[PDB]
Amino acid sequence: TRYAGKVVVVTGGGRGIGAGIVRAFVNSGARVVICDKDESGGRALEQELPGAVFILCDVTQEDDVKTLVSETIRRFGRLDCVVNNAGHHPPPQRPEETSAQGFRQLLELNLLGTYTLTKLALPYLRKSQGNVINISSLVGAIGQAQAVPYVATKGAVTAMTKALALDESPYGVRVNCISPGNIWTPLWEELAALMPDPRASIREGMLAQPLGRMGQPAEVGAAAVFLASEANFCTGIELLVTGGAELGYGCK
């Protein structure tokens, strides 16, 4: 009921955090368009959830995104919320091991893909007085070791969220972001598998939070539903979903 009659697009919604956000919006009564560059997870999610449908779309391809928006409007008649979740964290890379071209590529996904869908969706969000939710990262705010390009892309997303919030406020379109800390997802598991001791890597990630565990996609999803449906006086905020990782002293 909380978001009934509304239409939501979630990028990277085929697995991980994006899938948890898809589920949370379906559970709120919304119709959800799952956007993903990979077919496997998103196609299964459409079969599983009445009210969710899957559209293949690579957010780095401008024409893919144009088609995502026009098909969303053609099939559902309105657009109320865009969740820019698609993005990627590379394996650990020392600064001297990064490249300008790798940096540009990560910018294309983590930042410009968010920019392009938001831009194409804003005319419809203005009609609906809808809202934008960007999935950034805690490490955009506090930094991270061996991740100069990734951290830079999320710093940009969080800052862009505030600029856009200023620009769209006279039209009643809110723009917010969520900064998750360690969330247990296939990406986290993939990255842990590259480590010498994956179980040690995972235990270390759990202990980075005062709460002693990592977060869940469903917890990010509930934050997104709050921002969309109940946060009518929130715009340009950075909602931390981190288990307290930013608090207090730790072993650095």
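One-based numbering along the sequence shown.
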Stretch exceeding the other in mean C-alpha B-factor - 33-41, 197-205
197-205
Between 100-108 and 128-136, which has the larger average Cα B-factor in the PDB entry?
100-108
Of the choices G143, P180, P149, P92, which one's C-alpha carries the largest B-factor in the record?
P92
Looking only at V59, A223, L56, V69, the Cα with the top B-factor belongs to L56
Would you mind checking where the Cα B-factor of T235 ranks among the modelled residues of its chain, as the lowest, middle or highest third?
lowest
In terms of its chain's C-alpha B-factors, the third that includes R78 is the lowest
Looking at the temperature factor on the CA atom of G212, which third of the chain's modelled residues does it land in?
highest
How does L120 rank on Cα B-factor within its chain, lowest, middle or highest third?
highest
